[PDB]
């Protein structure tokens, strides 16, 4: 595959192998790893991360909605997929044919699905319990038993799992974590029998309490080498290896004289004789406007973004006359200097999760494995 703009993101798949393998070492050999690759593997490339994770020790995959699971099947993944979120009952059939397990949290959904499906393939369900997150999930004993019955009655419906999700697993103070864990324990007793897969843990829960995970963990953010929160970094068992880096190249260089304005709304004004560089990356690439007072790396050095950010390009003050074609690093290392997703996140006033996800389809992903390029994936490619 190929690309024709000098702006690309690199994803280091060796880092992803290490982060997942270290977890397979840490967890009890009877506890499986469900790798979660929702949102195009948190902006990193769904099938590439999925293949790598399954190599390091993962056995299942998790996604947010049905289209994401089907897209993984089209690209040849044959591992089990759990759709963590909601789906349409009319689609139960397609999920069953493609061997995608579904999350269920309401009986009216199952009432509606028994009526539209009658084999031959089984649909594996994972009942979702709301123990304190307030998002999806059952919250009552009458409703938990109803779902279980409706599932028991249809011959093709199977309860493969049961889970919950924590709202504050990434907080140093485990008070709400404890209420939720204890609540899941009391909620599990409302089921006639324990299904084979009981899971609760995300990355913050499984890296902190490996012994409290039951038999399957749903490992997300830590797979990509990003800490669940800057509150648990010291509490982490093994070092995490960041996989994502973003880069560009200078396409225009010029010296300004004192008094000349730069970019929209002509915000910036040069005060001495300065060299301004232009890079082909802007807000439609996910390098949002709020980053206008941030900096990028050019030739091992920090250089500020100057003026407002444009849709496809932005300007930066250079140390002096640098050549056109000089690599600029937006996220990554250049020498002794480094800009991490947490740094971008801080400036954007968000969590690290939101950063790779916003780097758009427009920006190509180059995959590295065994310190060499494995494939290029340009979404608007030929």
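Residue numbers count along the first chain shown, from 1.
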Query raised in the report: Which of the two stretches, 114-122 or 154-162, shows the higher mean Cα temperature factor in the record?
Result: 114-122
Query raised in the report: Is the mean CA B factor in the deposited entry higher across 350-358 or across 49-57?
Result: 49-57
Query raised in the report: Looking at 247, 128, 199, 255, which has the biggest Cα B factor in the entry?
Result: 255
Query raised in the report: Out of 280, 259, 307, 277, which shows the largest CA B-factor listed in the entry?
Result: 259
Report task. Could you say whether, by C-alpha temperature factor, residue 208 belongs to the lowest, middle or highest third of its chain? Result -> highest
Query raised in the report: Within this chain, which third does the Cα B-factor at residue 291 fall in: lowest, middle or highest?
Result: middle
Report task. Going by the recorded CA B-factors, say which third of the chain residue 40 sits in, lowest, middle or highest. Result -> lowest
Query raised in the report: Once the chain's modelled residues are ordered by C-alpha B factor and cut into thirds, is residue 103 in the lowest, middle or highest one?
Result: lowest
Query raised in the report: C-alpha B factor of residue 268, ranked within the chain: lowest, middle or highest third?
Result: highest
